[PDB]
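Everything below concerns the one structure shown next.
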Amino acid sequence: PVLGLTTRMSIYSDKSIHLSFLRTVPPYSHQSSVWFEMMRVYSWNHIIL
Amino acid sequence: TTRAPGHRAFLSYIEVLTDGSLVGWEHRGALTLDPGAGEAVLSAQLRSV
């Protein structure tokens, strides 16, 4: 096993290549969950990304 | 299927290929089995086919 520190890269998330990888920092792709929360509290819709 | 890597993508390809066909495939169900539960544990729900 390997533990990852200060590494935010969404490639290291599919186990078909990296058999056993663990990290202590959320990846970049997880930021999308933050935008959803801001979208509903501020009453926003009709977005283009 | 089991929890071996690549199983998420494996079952996702069934629905796209089983839809929009004049033959009319019927899906009995999707089974998720874990070998670590026990030999006798699997037969409890595997028979529900």
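Observations
- Around B:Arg47: net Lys/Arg minus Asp/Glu count, Cβ-Cβ under 15 Å: 0
- Whole-number percent relative contact order across chain B, with pairs defined as alpha carbons under 8 Å at least 6 apart: 43
- Spin-label model distance (nm) - A:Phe36 vs B:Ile14, 7 Å beyond Cα toward Cβ: 2.5
- 3J(HN,Hα) couplings calculated from phi for region B:36-49 with the Karplus curve 6.51 cos²θ - 1.76 cosθ + 1.60 (θ = phi - 60°) are, in sequence order, x, 5, x, 5, 6, 5, 5, 5, 5, 10, 5, 5, 7, 10 Hz; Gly and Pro show x.
- Two-site label geometry, B:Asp34 and B:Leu22: point separation in nm, points 7 Å out along Cα→Cβ: 4.6
- Estimated from the Cβ-Cβ distance and a Förster radius of 30 angstrom, the FRET efficiency linking B:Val41 and A:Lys15 is about 0.80.
- For A:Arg23, residues with placed amide H under 5 Å, excluding near neighbours: A:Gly4
- Crossing angle, helix B:7-18 versus chain B [Cα axis fit, 0-90 degrees, rounded to tens]: 30
- Net charge of the neighbourhood of A:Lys15, taken over other residues with C-beta under 15 Å away and scored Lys/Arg +1, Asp/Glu -1, is +2.
- For A:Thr24, B:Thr18, order by how many other beta-carbon atoms lie within 10 Å, fewest first: A:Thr24, B:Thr18
- Sequence-ordered 3J(HN,Hα) estimates for region A:4-13 from the Karplus curve with 6.51, -1.76 and 1.60 and θ = phi - 60° stand at x, 10, 6, 10, 10, 9, 6, 5, 7, 9 Hz, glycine and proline given as x.
- Taking other C-beta atoms within 10 angstrom as a stand-in for reagent exposure, A:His46, B:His7 fall in the order A:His46, B:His7, fewest first.
- Chain A and chain B have Cα centres spaced 28 Å apart.
- One equal scatterer on each Cα of chain B, no solvent, Debye formula: the resulting log10 I(q)/I(0) at q = 0.17, 0.27 Å⁻¹ is -0.65, -1.05.
- Charge dipole magnitude, Cβ of K and R +1, D and E -1 - the protein assembly as shown, Cα centre, debye nearest 20: 280
- Shown in residue order for region A:35-49 are the 3J(HN,Hα) couplings computed by the Karplus curve 6.51 cos²θ - 1.76 cosθ + 1.60 at θ = phi - 60°: 5, 4, 5, 4, 5, 7, 5, 8, 6, 10, 7, 6, 9, 10, 10 Hz (x for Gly and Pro).
- Estimated dipole of chain B in Debye, rounded to 20 [Cβ of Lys and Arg +1, of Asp and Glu -1, Cα centre]: 100
Cβ atoms come from the backbone with ideal geometry, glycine included; neighbour counts cover every protein chain shown. Every number in this text was worked out from the coordinates using simple rules, so none of it is lab data.
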